[PDB]
Amino acid sequence: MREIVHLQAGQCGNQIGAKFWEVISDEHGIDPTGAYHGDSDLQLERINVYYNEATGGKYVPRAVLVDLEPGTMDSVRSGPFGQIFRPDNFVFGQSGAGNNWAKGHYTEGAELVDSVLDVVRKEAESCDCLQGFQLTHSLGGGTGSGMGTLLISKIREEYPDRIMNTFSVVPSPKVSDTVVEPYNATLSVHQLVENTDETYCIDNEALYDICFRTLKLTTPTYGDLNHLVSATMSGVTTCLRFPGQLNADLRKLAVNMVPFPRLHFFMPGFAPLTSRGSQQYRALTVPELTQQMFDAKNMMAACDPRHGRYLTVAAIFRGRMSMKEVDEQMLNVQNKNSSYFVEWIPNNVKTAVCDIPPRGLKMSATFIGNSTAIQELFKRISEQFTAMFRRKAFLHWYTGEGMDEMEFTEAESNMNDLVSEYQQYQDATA
Amino acid sequence: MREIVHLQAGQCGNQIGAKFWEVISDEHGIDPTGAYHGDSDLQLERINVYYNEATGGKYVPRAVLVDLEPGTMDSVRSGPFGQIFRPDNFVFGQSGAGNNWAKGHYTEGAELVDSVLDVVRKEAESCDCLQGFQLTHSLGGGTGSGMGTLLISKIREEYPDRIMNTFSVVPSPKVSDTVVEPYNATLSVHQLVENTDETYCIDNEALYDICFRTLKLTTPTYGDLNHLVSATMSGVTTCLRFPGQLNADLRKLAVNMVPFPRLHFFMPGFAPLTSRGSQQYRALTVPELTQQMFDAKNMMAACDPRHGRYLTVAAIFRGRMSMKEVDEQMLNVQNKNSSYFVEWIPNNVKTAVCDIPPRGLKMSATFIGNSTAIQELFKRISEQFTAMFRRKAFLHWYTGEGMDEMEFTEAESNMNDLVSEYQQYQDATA
Amino acid sequence: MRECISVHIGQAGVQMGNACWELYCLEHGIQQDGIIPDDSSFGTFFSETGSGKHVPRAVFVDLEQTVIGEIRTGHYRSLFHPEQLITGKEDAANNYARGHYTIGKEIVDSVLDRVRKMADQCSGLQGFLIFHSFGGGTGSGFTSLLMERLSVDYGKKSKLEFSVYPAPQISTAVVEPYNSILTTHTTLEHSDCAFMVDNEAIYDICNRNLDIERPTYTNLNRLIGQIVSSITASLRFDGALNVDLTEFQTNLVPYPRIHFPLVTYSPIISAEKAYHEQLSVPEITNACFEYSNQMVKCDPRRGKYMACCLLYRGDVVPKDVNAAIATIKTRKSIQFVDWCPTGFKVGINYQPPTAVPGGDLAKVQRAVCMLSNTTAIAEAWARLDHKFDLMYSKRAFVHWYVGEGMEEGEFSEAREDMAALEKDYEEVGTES
Amino acid sequence: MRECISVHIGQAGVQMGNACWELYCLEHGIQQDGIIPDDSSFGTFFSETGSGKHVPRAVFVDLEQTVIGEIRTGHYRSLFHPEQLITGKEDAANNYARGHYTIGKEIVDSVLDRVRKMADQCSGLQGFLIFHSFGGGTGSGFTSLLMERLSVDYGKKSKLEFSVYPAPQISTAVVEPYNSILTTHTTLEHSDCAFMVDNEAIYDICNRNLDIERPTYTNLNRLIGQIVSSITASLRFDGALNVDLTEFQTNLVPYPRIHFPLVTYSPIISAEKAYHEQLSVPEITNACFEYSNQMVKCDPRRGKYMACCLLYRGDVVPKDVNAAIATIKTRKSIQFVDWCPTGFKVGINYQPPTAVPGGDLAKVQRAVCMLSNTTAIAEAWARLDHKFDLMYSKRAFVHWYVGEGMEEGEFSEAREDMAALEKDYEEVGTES
Ligand SMILES: Nc1nc2c(ncn2[C@@H]2O[C@H](COP(=O)(O)OP(=O)(O)OP(=O)(O)O)[C@@H](O)[C@H]2O)c(=O)[nH]1
Ligand SMILES: Nc1nc2c(ncn2[C@@H]2O[C@H](COP(=O)(O)OP(=O)(O)OP(=O)(O)O)[C@@H](O)[C@H]2O)c(=O)[nH]1
Ligand SMILES: Nc1nc2c(ncn2[C@@H]2O[C@H](COP(=O)(O)OP(=O)(O)O)[C@@H](O)[C@H]2O)c(=O)[nH]1
Ligand SMILES: Nc1nc2c(ncn2[C@@H]2O[C@H](COP(=O)(O)OP(=O)(O)O)[C@@H](O)[C@H]2O)c(=O)[nH]1
Ligand SMILES: [Mg+2]
Ligand SMILES: [Mg+2]
């Protein structure tokens, strides 16, 4: 029961997804061939959350891999843990999106989404109790931004009551990987604010600082970054898969983390994160884990929480700990930083403690934050969008696929509303 | 008791028939020389259904192989399991039909049908309890369409109370193997609607999709297609040959599958059908077998059931299963797809469960469907026929053998009546 | 069990016969004689004798004795029955009247006797394969004389004929229009299906795809030999979807007087350039419907198709054929007539095409021969009729024909019949 | 799965093609023929045959037959399909009219046929790579004639072209301004993105960094060959951040009529002086934005950047790229346009650049190719237009063009269009 169906999209999503299943399979003891060789029996009790069983002990991920080009999937199946996936779930086209939201959404993915849903429904109908859908993509491209948002709309229209959570890689402020990021991002956000319950925003620039400052990693590959993203993805779905003192279902987080419908954008974090040479200088106890979780330099999003206030916060601990330490430390953070927390919410921390930690770590903790400071990200995108849109920078590529300038204005207006809404609820009562 | 006499016709029928006996002999443990070398004793208990015994353990198929040319039979006896047949049953002429229904029916087969009946009667009179006749042919040619329908009329006039079932390969909509298909098909259908109890319509185009989509077969020979047809032919006659929890005689299907006399055209299916690389990703259980049996992409006929409603449906399962799963799954299909089932029939599924599955498969299931959507096939043929007949496209070849234009009008009128009848019973009460 | 009686009339048919029987002997392992060194395949074309000598089931007839005499002296001298090779005293002098009325009356009773002796020796008769020239002489007069005799003695038995149709521009005789129409008039009601080939078209193919700038008549005959082998492959060899000679009639002939399919052979490719080609089923199938590869210089797109027979060979997957034909059906340029939604007849055979040693064709894995009945051919008949009108308006050469048994009335009757045929082509080309 | 159809027109494109296909063969392990001795990488550019022969997916066309004939006699003689190498009767005589109106009308229908035969053989079509000269002749006339044909038959499919832009001072023909403008007029609406290179600029690079005082055309082509390999590396090889051919369009083309990015290749370094260089990512990335290393003699700092695509190769860490681009963004000298805050497209590929044996480039670990769309190029078009005005004021050579199918009105229309293009560049260079 409480099954999760994973849905890939684009190059970024597939790359992260491949790493995600490498991590998930590791903690569940699944070999790359699909066989189970774990030690503990607790990792096999709730294996149905992510995997479907087959004859001979083969466990198949409940994952759908989709992209408009064959290359990224071909890389996925060739790489480690690539044969674990079911071949029928590789729903791909031939002519890719050129990093334009219009093509992936209206022109290219429109003729392929119907096939994708034929695999999503088949996976969904095989669940004893469907909990939600898990989507990994990027907002800065065409396929993930365009095609991913198209699937979100289709599923939310077909499964209204199931929780939809997205792990989106957000464009960075410092430098870009694509000239048309503002167009892709603004249009994609127009669909997320309406058809998802919790989106975990992450930017590559922030992860570079984590590798540079904390991990002291001098040659950070994209595989290294995907490991950090995979860690937080696994953390938010541990209470479904392992026992714990105080459990926290995905919906249990949404209620505690989403006061108003549209303020559901989170910036994640993880701990412990230390370099190889500095590991022998750490106590590795609850007091210090909570000390760095709330640090602005350990969050995988660019926005600094110091520039705004936290509406809500979640700390999903893993490993055997003293619940007194967790409750006291969370309260201690609340008291010291009372200026950083919205006052009309008396308690701003949701605590979850899972008994089984990740492999190789005695203790672990994932940080989730719904902060009013995230409006900085959206407002920065709006400034970039209006500058390009003010003189029709690239619309002929988007309008050539069927879009209209009216849609761009609607997307911009909705983004401004969201930024304003975040500012409204940043002020005290009366 | 309950013997079946198999009757070949034309190139298509003989080709399928040869594969049919290769499959039947396999599950009964008969070597190509006629000897029995099976393990289980249940496969020898009811061997009299298809075979006659001879001295030394030789078992001879109760099959009659007939065609107006010697070539196809010469290929049959030369190929594997070709010596198993009795030589006296090879009733063939010299001058073949040129793919015109008139020659095979009125001119060429008229002087050869008398010899064929001399072997059919001899085979029939050797049965302890004759159940019916099994005919394999094609509607798109001269011999199968012409000569086959002539034998149907002769036998039905000579054995009125015995069940006549035909496995006919129907012309495809996408592309043709013969320019005069509409003439051959329409004339042949004029004889089937009156002188057979259940015809299983199959088209080569649909089988190509099955090989391409499901089996993922990249070099599909005609032998591969005949295997699919042979599988469904064997499935509909398992309760006669093996024990089971809930048996279903050929007549038991006709009563449950034929509400009105002329609506006896079925589109078959088979399961499980998976590629070699995707076999390790399947549970192979009752819930999923029934899931693909009703899929429109797994039926060996072109007509999509979604365009009409099912009058009746039959699911002949094979292998040891939980009868609860079968009953529940059949009901589940009934409830979900209630729009696809004729309402004035309260129950639209007939279930049969045989204990012994086909070799190499733990479970198997054959799908039979009497759908109002089959009128699409007949109406498409009518459009092709009228276009050619509207300006005497090729009648001089048919009228030159003795046919008359009046007969063509009668054949067309009867076809239109059948299409109209299928549409009448597609609407709800009152 | 199956059989075919091959009558080769005139120089073109006789010379084409040498190419054909040099290829049948190759495909069946025969050794240029009746001897097979230490099977139901060869029986279709070759009769067998206790000595091990396989005798061709063919009749070589020519009023001229030069070409047939060459056969009696060539490598295949010991192959044919001596009485099968029938030679006259004097040729037809490129005159239809001589072949039909004066000289043919002294040889037809002899050739028909050997046809009688061959027909009664067959377990089952299937049809006739007649090879002749449309230009004139023995190929126009004697063929019509023999065809009408067969239509009486053998009636409903199939009678297929292969003709070297006159080229649009190239011409080797001055009175071809007279002879071409005269034979056409007397063969419409006695022929079931006539396959056409042009010297000019094959010259282009032999120089456009085969990289040969010096085609002889030997090269053309070998190309024609492959076509007949593809047509008769079903009888000779096993296949996935066999096609008989009697099937061509109802498949390609919608109306009795329109029975002139074109001819095509796709993989006409040189050995060197075959190393850079995939030669898959879709490309060879698409090559058939290109004007650049037709064996008759009549552009298909000037008219509408009404019947096509695709005869594949070698390693051919029927799934590929199904898809390959379907995409062709989709193309709007390839326009079939409205009244023929069912336009394709498919034949697949397992035996690949054998390359004659010393030839030009490559060692192709799979080949397709297309027999297309198209309304475009009506233009060619119109051109041929136009030439007749000019010469006949002046009575250019009538005194020769009238002086050897023929009458003036035949010219009017012959041309009036062709005018009806051209009109018949117009009716079939329109719907509603 | 991916594919690219390469059409090499004229002497410059054909000669550049030899450098390109000598490098693709090297990178994929091919042996100067279709043979790979005892993989989804080579499929992008090479078609495969059962014999083991890999056939280039390219078409070599030239009205002149001298240069293509050399290929038929060179080391790569057995590589290309013989029909892919299309040669005309007479050259365009450095005349736009001949390539487009008189001679091109007798070869376009043939080259487009082979494009048709190649397009339908691809599992999925991705775009076109057209190599031609801007100077004139076949590279100006025939290219425009072929480009418009593609825009109709293949429509929205990508059409990239690589052009040897006329040098500011160096010039090898007297009527380049006429031909350059004429092709520009007829290719703006049919080309998605055209990459420019100049002979003079590469001469400076080959003598300023490569320590070679005697550059030939062979040396320049090899430098150009590396650029195309960097562009197409994503399709051929795996990487960290792949970029497709259809991505270049929306990334570098803000407006439909401004689609002329410049070209740069950073580590153009001699083998000897490479021993004293670190060749880290920051320094190679910084080298791209220096005027001394641009492949087109147009100073970037005379105008504002509006789109840059950095295509890295080899051992490149994305963290270094992120920092390297950010510091460049900080510099005030490198001025982007106001309306493009999002100015960089980054592509990282794992396959390092392969050095052609007998070449000049060093065995570099990591290389970056920058494709920059800059307003500075408007000055170059202004210079080119100025040359046209002088000659056309006197009607210097109009009688040649008018005498071979062209009309006087085209000169006025062609130049008026360029004046609009120069004006369009001014509008994009200003904000508010
Ligand atoms: N395809 C092909 N056509 C030929 C060949 N030989 C002759 N022809 C054609 O035959 C036409 C003339 O008829 P012929 O066969 O030469 O004359 P004939 O049938 O021997 O009759 P006579 O005039 O009495 O000799 C010419 O226009 C040629 O096109 C050949 O070897 N191959
Ligand atoms: N980079 C490079 N440029 C070349 C090469 N060969 C010729 N060019 C350029 O081509 C320009 C002139 O166009 P051409 O290619 O020579 O003429 P064409 O395309 O053959 O057309 P025709 O005049 O009909 O022969 C010259 O200004 C040269 O700069 C070469 O090998 N490498
Ligand atoms: N971690 C990681 N991020 C990637 C990878 N590839 C692309 N991205 C991110 O994805 C964004 C670019 O969008 P992209 O997915 O390539 O466009 P799409 O193919 O249309 O979905 C940028 O923000 C990149 O940082 C990868 O392999 N790993
Ligand atoms: N599966 C299969 N179908 C065949 C075979 N031979 C012919 N057919 C089908 O039969 C039809 C042609 O009619 P055919 O039986 O050959 O004419 P007939 O000999 O007069 O009965 C076409 O639709 C073919 O697809 C075969 O060996 N296997
Ligand atoms: Mg002669
Ligand atoms: Mg030249």
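Residues numbered from 1 in each chain as written, not as in the entry; some residues may be left out. Chains lettered and ligands numbered in written order. Part of a larger assembly, values for the part shown. Heavy atoms only, no water.

cryo-EM is the method the PDB entry states for this structure, with the resolution given as 3.0 Å.

By the naming in the PDB entry, chain C is Tubulin alpha chain, taken from Xenopus laevis. The UniProt entry for chain C carries the following comment under Cofactor (unreviewed entry): "Mg(2+)". The UniProt entry for chain C carries this comment under Catalytic activity (unreviewed entry): "GTP + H2O = GDP + phosphate + H(+)". (UniProt positions renumbered as here; feature names shortened; annotations may be inferred.)

For chain A, the name recorded in the PDB entry is Tubulin beta-4 chain, with Xenopus laevis as its organism. According to its UniProt record, chain A has this under Subcellular location: "Cytoplasm, Cytoskeleton". Taken from UniProt, the Sequence similarities comment for chain A reads in full: "Belongs to the tubulin family."

Moving on: the overall build of chain A. In terms of regular secondary structure, chain A is built from 15 helices and 13 strands. Here chain A has a C-alpha radius of gyration of 21 Å; the compact-globule value for 430 residues is 22 Å, and the two agree. With the C-alpha coordinates aligned to their principal axes, the bounding extent of chain A is approximately 65 × 60 × 45 Å. Looking at the 430 residues of chain A, the share that counts as buried comes to 62%. (Helix = DSSP H or I, 4+ residues; strand = E, 2+ residues; numbered from the N terminus. Rg over C-alpha atoms; globule rule 2.2 N^0.38 Å. Buried < 20%, exposed > 50% of the residue type's maximum accessible area, 1.4 Å probe, protein only.)

When the UniProt feature table is mapped to this numbering, "binding site: Mg(2+)" covers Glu69 of chain A. Here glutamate 69 of chain A lies in the loop between β4 (63–67) and α3 (71–78). Setting aside anything within four residues of it in sequence, one finds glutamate 69 of chain A in contact with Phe92, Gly93, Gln94 and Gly96 of chain A together with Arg2, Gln126 and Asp244 of chain D. (Contact = heavy atoms within 4.5 Å.)

Another aspect to go through is the site of ligand 3. Among the 16 residues in the neighbourhood of ligand 3, the closest are listed as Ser138, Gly142, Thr143, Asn204 and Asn226 of chain A. Within the backbone of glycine 142 of chain A, an N or O atom sits 3.0 Å from an oxygen atom of ligand 3. Separating an oxygen atom of ligand 3 from a side-chain N or O atom of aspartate 177 of chain A is a distance of 3.1 Å. Isolated, ligand 3 exposes 570 Å² of accessible area, and the fraction of that covered by the protein chains is 95%. For the shell around ligand 3, the secondary-structure elements that each account for two or more residues are α1 (10–28), α6 (143–158) and α9 (222–235) of chain A together with β9 (239–241) of chain D. Per-element tally for the shell around ligand 3: the top contributor is α1 of chain A, with 4 residues. For the shell around ligand 3, the residue count by class is 4 nonpolar, 11 polar and 1 charged. (Near = heavy atom within 4 Å. Polar contact = N/O pair within 3.5 Å; in protein donor to acceptor, adjacent residues only side chain to side chain. Areas by Shrake-Rupley, 256 points an atom, 1.4 Å probe, with all protein chains shown as cover. Nonpolar A, V, L, I, M, F, W, Y, C, P; charged D, E, K, R; others polar.)

Residue and element names in this part refer to chain C. Lining the immediate environment of ligand 1, one finds 21 residues, of which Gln11, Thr138, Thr172, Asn199 and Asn221 sit closest. The separation between an oxygen atom of ligand 1 and a polar main-chain atom of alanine 92 is 3.0 Å. One nitrogen or oxygen atom from the side chain of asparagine 221 is found 2.9 Å from a nitrogen atom belonging to ligand 1. In the complex, the protein chains occlude 90% of the 640 Å² of accessible area that ligand 1 would expose alone. Only α1 (10–27), α5 (138–153) and α8 (217–236) provide two or more residues apiece to the shell around ligand 1. In terms of residues, the shell around ligand 1 owes the most to one element, α1, which gives 4 residues. Among the residues forming the shell around ligand 1, the class breakdown is 6 nonpolar, 12 polar and 3 charged.

Moving on: the arrangement of the chains. For the non-touching pair chain A and chain C, the nearest C-alpha separation works out to 19 Å. There is a gap between chain B and chain D: no contact, and a shortest C-alpha distance of 15 Å.

Now for unusual backbone geometry. Of note, the bond from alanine 271 of chain A into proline 272 of chain A is cis; its omega dihedral lies within 30 degrees of zero at 0°. You can see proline 272 of chain A is positioned in the loop between β10 (265–271) and α11 (286–293). The backbone of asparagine 94 of chain C sits at a positive phi, close to 60°, despite the residue not being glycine. By the secondary structure assignment, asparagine 94 of chain C is in the loop between β5 (85–87) and α3 (96–102). Under the relative-accessibility criterion, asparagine 94 of chain C is labelled partly exposed at 30%. A positive phi angle, near 60°, is found at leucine 279 of chain D, a position not held by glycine. If you trace the backbone, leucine 279 of chain D turns up in the loop between β10 (264–265) and α10 (281–288).

Residue and element names in this part refer to chain A. The N-to-C vectors of helix α7 (residues 181–195) and helix α15 (residues 405–424) enclose an angle of 65°; their axes lie 9 Å apart at closest approach. Put simply, α7 runs roughly perpendicular to α15. Both α7 and α15 take part in a crossing whose hand is left-handed. From α7, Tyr183, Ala185, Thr186, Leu187, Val189, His190 and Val193 reach across to α15, where they touch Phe408, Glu410, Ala411, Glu412, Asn414, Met415 and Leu418. Residue classes in the contact of α7 with α15 are distributed as 9 nonpolar, 3 polar and 2 charged. (Axes fitted to C-alpha atoms, helices over the stretch in contact; angles between N-to-C directions. Parallel < 35°, antiparallel > 145°, perpendicular 65-115°, else oblique. Left-handed = near helix turned anticlockwise from the far one by under 90°.)

Further remarks concern the pattern of salt bridges. Following the criterion strictly, the structure yields 85 salt bridges over all chains and no others. Notably, a salt bridge pairs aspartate 161 of chain B with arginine 162 of chain B, separated by 3.0 Å at the nearest N-O pair. By relative accessible area, which is 23% here, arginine 162 of chain B ends up partly exposed. Note that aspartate 33 of chain D is salt-bridged to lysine 53 of chain D, the shortest N-O span being 3.0 Å. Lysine 53 of chain D shares its class with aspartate 33 of chain D; the two are buried. Here the salt bridges do not stand alone but share partners, grouping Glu277 and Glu290 of chain C together with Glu83, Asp113, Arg114, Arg116 and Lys117 of chain D into one network. (Salt bridge = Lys/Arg side-chain N within 4 Å of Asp/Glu carboxyl O.)

With that out of the way, let us pick up the interface of chain A and chain D. Listed by partner, the interface residues are 37 residues for chain A and 38 residues for chain D. In total, chain A and chain D occlude about 3500 Å² of area from one another, counting both sides; carbon and sulfur atoms represent 53% of this. Summed over the three residues of chain A that lose the most area to chain D, namely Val179, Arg391 and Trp397 of chain A, the buried surface amounts to 18% of that side. The interface formed by chain A and chain D holds 4 salt bridges in total. One salt bridge connects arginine 391 of chain A with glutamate 431 of chain D, and the closest N-O pair in it is separated by 2.4 Å. Looking at the side of chain A that touches chain D residue by residue, the class counts come to 14 nonpolar, 13 polar and 10 charged. (Buried area = accessible area lost by both parts, 1.4 Å probe.)

Glancing now at the interface of chain D and chain C. The partner chain C presents 7 residues to the 12 residues of chain D that form the contact. Of the roughly 790 Å² buried where chain D meets chain C, counting both sides, 48% is carbon and sulfur surface. Connecting chain D to chain C are 2 salt bridges. Between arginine 114 of chain D and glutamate 277 of chain C there is a salt bridge, and its shortest N-O distance comes to 3.9 Å.

Glancing now at the UniProt feature "binding site: GTP" (unreviewed entry) in chain C. Residue and element names in this part refer to chain C. Feature annotation in UniProt assigns "binding site: GTP" (unreviewed entry) to the following positions: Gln11, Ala12, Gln15, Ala92, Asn94, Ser133, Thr138, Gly139, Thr172, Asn199, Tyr217 and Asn221. Its location among the elements puts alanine 12 in helix α1. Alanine 12 sits in the partly exposed class, given a relative accessible area of 24%. With respect to the helices and strands, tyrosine 217 occurs in helix α8. Since its relative accessible area comes to 41%, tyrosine 217 is described here as partly exposed.

We now examine the environment of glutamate 288 of chain A. All names here are of chain A. As for its position among the elements, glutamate 288 is in helix α11. Spatially, the C-alpha atoms of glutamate 288 and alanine 271 are 9.5 Å apart, while their sequence positions differ by 17 residues. Residue contacts for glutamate 288: discarding those within four places in its chain leaves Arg282 and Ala283. A polar contact is formed between the side chain of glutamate 288 and the backbone nitrogen of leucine 284, at a distance of 2.5 Å.

All names here are of chain B. A large share of strand β8 (residues 198–203) lies buried, amounting to 6 of its 6 residues. Neither face of β8 is left uncovered, since the one carrying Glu198, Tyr200 and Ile202 and the one carrying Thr199, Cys201 and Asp203 both have all their residues buried. Where strand β7 (residues 163–170) meets β8, 6 bridges bridge the pair, whose relative direction is parallel. Within the sheet, the bridge partner assigned to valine 170 lies in β8 and is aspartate 203. In this region the chain leaves β7, passes through helix α7 (residues 181–195) and returns to the parallel neighbour β8; the handedness of that crossover is right-handed. Pairing between β8 and strand β10 (residues 265–271): 2 bridges, direction parallel. Looking across to β10, one finds that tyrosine 200 is bridged to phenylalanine 266. (Pairing = 2+ DSSP bridges. Right-handed = clockwise from strand over helix to strand, strands pointing away.)

Attention shifts here to the nonpolar core. Taken as a class, soluble globular proteins show a tendency for nonpolar side chains to be buried jointly. Membership of the largest hydrophobic core comes to 111 residues, with the highest contact counts inside it found for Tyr183 and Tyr398 of chain A together with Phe248 of chain D. With 8 residues, the single largest contributor to this core is helix α12 (residues 377–394) of chain D. Filtering out sequence-adjacent residues up to four positions away, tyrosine 398 of chain A remains in contact with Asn99, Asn100, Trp101, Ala102, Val180, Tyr183, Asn184, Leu187, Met403 and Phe408 of chain A. (Core = buried A, V, L, I, M, F, W, Y, C linked by side-chain atoms within 4.5 Å.)

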